[PDB]
Structure formats: C-alpha cells, structure tokens
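Here the structure is laid out as structure tokens; the discussion comes afterwards.
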Amino acid sequence: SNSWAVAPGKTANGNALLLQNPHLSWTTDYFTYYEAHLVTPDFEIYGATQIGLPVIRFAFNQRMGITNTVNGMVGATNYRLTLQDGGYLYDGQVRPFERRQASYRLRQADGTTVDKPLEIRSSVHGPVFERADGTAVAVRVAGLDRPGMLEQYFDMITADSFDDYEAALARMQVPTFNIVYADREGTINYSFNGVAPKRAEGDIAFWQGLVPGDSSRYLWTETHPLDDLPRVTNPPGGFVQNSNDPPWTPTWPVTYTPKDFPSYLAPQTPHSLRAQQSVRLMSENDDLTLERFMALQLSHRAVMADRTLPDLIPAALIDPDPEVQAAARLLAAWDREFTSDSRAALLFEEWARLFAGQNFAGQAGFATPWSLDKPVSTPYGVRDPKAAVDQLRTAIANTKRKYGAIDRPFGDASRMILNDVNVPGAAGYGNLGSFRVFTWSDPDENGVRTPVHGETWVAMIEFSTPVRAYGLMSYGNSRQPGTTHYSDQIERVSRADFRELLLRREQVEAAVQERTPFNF
Amino acid sequence: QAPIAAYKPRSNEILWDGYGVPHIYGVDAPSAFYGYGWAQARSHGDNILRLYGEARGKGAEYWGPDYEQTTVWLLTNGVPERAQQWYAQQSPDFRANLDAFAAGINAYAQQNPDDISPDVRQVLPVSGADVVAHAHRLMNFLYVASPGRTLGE
C-alpha cells in the first residue's frame, strides 16, 4: 500500500531511496509476508514475499530494489449471460455452452471422501457461474497465457541495469500492481503495471460491472503492451510515489494526465488523504537523508481533522448539549496526530465514521469537493454543520459505548498484541490521513482493539555503496506453532526501532544464531 | 564507481538471524532456490502446504466443506490444470529453480516430520507445478479475478 522512490538530486548524500511498505491482512495466510536473503555467485536479493512464492516481490540488493502496491488493474471482466433454450443468446442467436464434466472428492468428517460431480459450463467468454440470485456470469480473465510471472519478477529483481529491468517488466507476465523501482545508478521509476484488455468503448466503472454477454461487441481479445500504460521515470519532481491512489499524481510536477490514457485503465476518483499526505511528504521535502526519509514514513496525521474541525467545532460549541460542547473542546485541543496519548482521536474516528462512511472514503459531507487541480488539499470543509453536529452527538454515544468514555487514550484502546506481547499503538486508518497504517479492528468488550491489517513489511533503503537498509515485519518471520519469531518484532514496531537489514557476509557471519548446511 | 564485491558462496548453507531471517547462500541458483524452499517450510510450513493443497484443487478432498468453494472456484477456472501447463511452458533454467524450491520444502518435511502438522502431511510430496499453481491462484484468482467479484457474494 505505500511506495516511495526518491532521485539522488532530492537527497543530501546523492543516493536514491526506496520505501517498501505493503499493507495487507495480518491474518489471511496467502497474504503473509516472509523476509529472506538469497546469495549465489551470480546474484543476490533481500526482501519480503508472500509465503509459498519461490521469488521475492519486495526486493533489493546492492544495485537496485523494487516495491509494489495494489493498483486494482481490471484484468478480468464478468459478463451477464442471457440464458435461453439451454444455451446463451449471443449476437443474433442461441449458442450452446461448452460442457466439461469434472469431479472432485469431498472429505467427509469420518475421514472418508465422497465423489462430487462438477459440471463446468463455458460461454465463448469463459467459465460460467450461477450467482445465488440466478444471474449467470461468465468470467473472462486476461493473461491466462502468460506462464512467466515468477521468472519475470526474478529476472526483474536480479536485473543488471534499468534498461535490463524494463525489458523484463515489458514481457507483461505480471498481471497487476503498481511497481516502483530505484538504482544505485540513480534512476527511479513508477509503472502502473498489469495485463489489460484493449477495449473500444467503456469507462472503467463500466468494465468493473456486469458487461453484457449477448454480443461479440464486448468480447475483447488483446491486451496492452507496457508502453500503453501510465509510467514515470526520473521526473522533474525527483520522486515517485503510490499509496493506492489512481495513477494521476505519481510525482508532483505531474508528467501526464487522465486525458492521456484509455479511461478503463484506472479510475478518476478522489485520492486518499493518505495518498495526499504521500505527495506532500515527498514534494515538500528536499535534501533527504535515510533518517528523515524514515521519520517521514512514520507520519500519522489525522488529515481529516484538518479538513473538518474548523467548520465542525464552532458549530458544536453552540450546541445546547453540554457534553457535545465538551466533546468539541476535547477535539479543539487535539494536535490532530493519532498518537498513543491522544484523548480525542477515538472520539474523532467515531465522528468520521458517520460523516464519511464506515470506511471513511465518502465525499458527501465536504463543503468543497475533491479536484485534481488541487489534488492534495481539496476534499475540504463541512457542508451542513448542524447535520455534522448531530453526527458528533451520535458519535459520543458510540465512543462511550465502544470504549467506556469519550476521552480514553488512543493507545490504551488501540493495542498491538502478539502471543504475550502487548504494546501501545499509534498511527491508524489510512483513509483518515495516517500515512503509516494500522486498520484497527472493532473493539472487544474492554474497548481493546488490534490491527486487522496495515503495516506488515516495512523497509527503507539508501542505494549508497555499500547499500544501507532498515526494516521490520509486524508479525515476525514465522507463524509456525512454537516459534520465538512470531511476537518478536511487535514491540519494536511500537517504538519504530528498525533493525538494520544485513546483506554483507561479514554482517551475516556476525549475527548468526540458528545455522543449517545443506546440499541439494 | 562500481558496487561492492559480490560474495561467492563456496558451500551451500543457511545462516539464520536472531529474528528468524534466513541468509541463504548457494553455490548456484538451484541450490539457492532449495535453501529458500527449506527456509519457508521451516518458517511457514503448515500454511504453505495448506495453500498448495488448495491450488491443486484438492481443498475439499484434503480438508472438507469449509474448503469446497475455493475448490469449485479453482476447478471451474481450470487453475490446477493450467498450472501444469505453465510449469511445462517454463524455460528449463527456471523450471529447475522451481523444482529445486519444491525439493527443499520436501527435504525439510522428510528431515523434520515433527516440526510439521497432521492435516497437511497428505499434501507433502509437493512439486514445481504446485509452486506455479499457487502463484497462479494468488495472482490471477485472488488478486485479479476474485470469486467475490464474479460471484457477487
């Protein structure tokens, strides 16, 4: 979810910097990251990847490194089929389906399996699923003929130069993701990567819904080459970035605009307040050091309090209810940082839930709407303050219910707890503006909550000679029953005390503990 | 000015960190991918074997009903069979890094059958194709084409 790459020119020492900061569930298994370092006579790579992957997706070495963020590349389309006479209406007539008879075994509970017949129907578009409501949906997924995904990342992260890196990138074997890049040679790059069907008509929201499946009018067959996709290289701004925002402000002096690409590639929706902070933290700072770069990554600002408390608060002070009045003074006194000691933050999240929806995205409410012309400051103000205040009222009840008081310290309700380690939390929801994210869970009956998702692997690398890199894994490097490497780094994360990442033999030779010779 | 001298491993070994991080040194690529495979089985063995089991479309059969929907989802989109193809379609150099990775998971299990869970032992002999299949599932049928999306659910 967060990615930053800065060019020598914007740094103090003259060496490019990279931020690897993916945000994912702390529990779903295929999303678990693991950190490793592989060294061979011909290559070397350090980084994190999702368990089960033979190659490192977030990697770096002495020469270069890359990082990813979800871009949501629309690589499949779901067609609503018009069923009729045992086939589907398509163009002029009824076409019969391709039918394969498959079958699978089902574990019983008594240890036995039973055969389960499974009939796979396919329209010319792709396989057919019947939704619970009866809609027959055929899924057409792009890139099914791209066998080389793993090797692509592999030849990509072991590239000898940008030029060699982009050639690998160019094979279009990796179907999604924004991928950011950086060199000890100084080039930095941002690519809206993915496999995207070439289409003749349609806004991206059109392609994300049920496209009609009655016409070859909507059956694409080709996909875009890398050079048809949004990309930025060594921009005038001296940095690139992506925090899941659409690809329209990847660097600040921007280098292209939504008019320059097919409208089905990426949306043109408001950028996250976290995305907006990403651009401000980068553009507004110069002569960056690894240290300041790392300080900036910890940013935990309640950007949405900055966009609303000005109108909100005086409105609330004139409320008759003494408690609403007292809520507004607690809010007015807040430095607007989701810090552990903050007594106003919880109360504010709860107001923002109502004012901006359960996921805090949600623009109704603001007085002046979002705009690409002021991409980093526009969703702003409160439209109907009286409404907003009745929301603050409801929110006080909520906060009280959920946490037992409206002024409980943020870090006493928000906890990071792994095994028997229980440390205070800081930072929070990305959509409220916090750059460092911890999507807190709902509270248990003691008002304690933990992160459901957010910071997982976090590394920052300066491409000096030798390379210098620091990082941390929220949920340690193993969740196998009984390791001492699950709850291992959480208290470090609570203090933002990063470990130096060791790539040099001498540093490895010295930190050795646990050791295994093999021969294959 | 050129980067610092690359280290040339002279024997295969994994030097593990104080935080459970493996530094895998291999005299050649395939060896590194095996050490890597061993490392992962050591640190996340159980879920990797469960994941691979699901990518063969064997979820319902190894573990039952709670795993049936992913199974129907993966067979209907023919993921297990396409993973067999993608594996045959790899270049030889890379197919060997993949087989090396599968061989490491396996070696770890055989040498550490205890440091490994009962429900997933049945999966065990894993293969380069299992590796390719999970990645295919992850990339195309989790990231790109998710079941909640086409299924509506």
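By order of appearance in the structure tokens: chains A, B, ..., then residues from 1 within every chain, and ligands from 1 in the order shown.
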
### Query
Taking the backbone alone, and naming residues the way the document does, which bits of segment 12-190 of chain A are strand (DSSP E or B) by DSSP, as a VMD selection string?
chain A and resid 17 to 21 23 to 25 33 to 39 44 to 50 58 to 60 64 to 69 76 to 80 82 to 84 87 to 90 93 to 96 98 to 107 113 to 122 127 to 130 136 to 141 178 to 183 188 to 190

### Message
Can you pull out every residue from segment 196-302 of chain A that DSSP, working from the backbone, puts in alpha helix (DSSP H), and format the result as an MDAnalysis selection string?
### Response
chainID A and resid 204:207 273:283 290:297

Could you name the residues that touch residue 476 of chain A at 10 Å or less, counting only C-alpha atoms, but leaving out those on the same chain fewer than 4 positions away, as a PDB file with C-alpha atoms, in the first residue's frame?
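part.pdb, freshly written:
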ATOM      1  CA  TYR A  33       4.991 -11.906   4.135  1.00  0.00           C
ATOM      2  CA  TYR A  34       8.278 -13.551   4.987  1.00  0.00           C
ATOM      3  CA  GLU A  35      11.718 -11.963   4.740  1.00  0.00           C
ATOM      4  CA  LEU A 418       1.032 -10.963  19.502  1.00  0.00           C
ATOM      5  CA  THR A 456       3.473  -5.692   7.627  1.00  0.00           C
ATOM      6  CA  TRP A 457       6.836  -5.468   5.845  1.00  0.00           C
ATOM      7  CA  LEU A 472      10.672  -4.537  10.334  1.00  0.00           C
ATOM      8  CA  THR A 483       8.497 -20.142  17.235  1.00  0.00           C
ATOM      9  CA  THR A 484      10.089 -17.362  19.147  1.00  0.00           C
ATOM     10  CA  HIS A 485       9.783 -15.444  15.828  1.00  0.00           C
ATOM     11  CA  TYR A 486       6.143 -14.506  15.734  1.00  0.00           C
ATOM     12  CA  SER A 487       5.827 -11.818  18.561  1.00  0.00           C
ATOM     13  CA  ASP A 488       9.455 -10.959  18.061  1.00  0.00           C
ATOM     14  CA  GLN A 489       9.291  -7.555  16.451  1.00  0.00           C
ATOM     15  CA  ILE A 490       5.984  -6.138  17.501  1.00  0.00           C
TER      16      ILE A 490
ATOM     17  CA  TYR B  19      14.811 -12.697  14.308  1.00  0.00           C
ATOM     18  CA  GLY B  20      14.358 -15.904  12.337  1.00  0.00           C
ATOM     19  CA  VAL B  21      15.572 -14.436   8.998  1.00  0.00           C
TER      20      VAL B  21
END

### Message
Can you pull out the residues contacting segment 133-139 of chain B? Cut-off 6 Å, using only C-alpha atoms, and skip same-chain residues under 5 positions away; I want them as a PyMOL selection string.
### Response
chain B and resi 52+55+83

### Query
Taking into account only C-alpha atoms, which residue in the set B:25, B:88, B:41, B:146 is nearest to residue 110 of chain B?
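Closest candidate: B:41.
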
### Query
To one decimal place, how far is atom CA of residue 296 of chain A from atom CA of residue 279 of chain A in Å?
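Distance reported for this atom pair: 11.5 Å.
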
### Query
Skipping near chain neighbours, those fewer than 6 positions away, what residues fall within 12 Å of segment 128-132 of chain B using only C-alpha atoms, listed as a PyMOL selection string?
(chain A and resi 51-55+146-151) or (chain B and resi 33-34+37+48-58+79-90+92+94-106+138-140)

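Nearest to residue 11 of chain B of all the residues A:216, A:40, A:93, A:277 is A:40, based on only C-alpha atoms.
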
### Query
segment 15-31 of chain A: which residues within 6 Å, counting only C-alpha atoms, same-chain residues fewer than 4 positions away excluded, as number ranges by chain?
A: 1-8, 50, 67, 186, 452-455, 457-464

### Query
What lies within 8 Å of residue 7 of chain B using only C-alpha atoms, ignoring chain neighbours under 3 positions off, as a PyMOL selection string?
chain A and resi 39-41+505

Restrict the selected residues to C-alpha atoms and save them as a PDB file, in the first residue's frame.
ATOM      1  CA  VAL A  39      23.010 -15.239  -2.184  1.00  0.00           C
ATOM      2  CA  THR A  40      24.555 -17.062  -5.138  1.00  0.00           C
ATOM      3  CA  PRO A  41      27.790 -16.486  -7.179  1.00  0.00           C
ATOM      4  CA  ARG A 505      28.667 -11.616   4.532  1.00  0.00           C
TER       5      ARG A 505
END
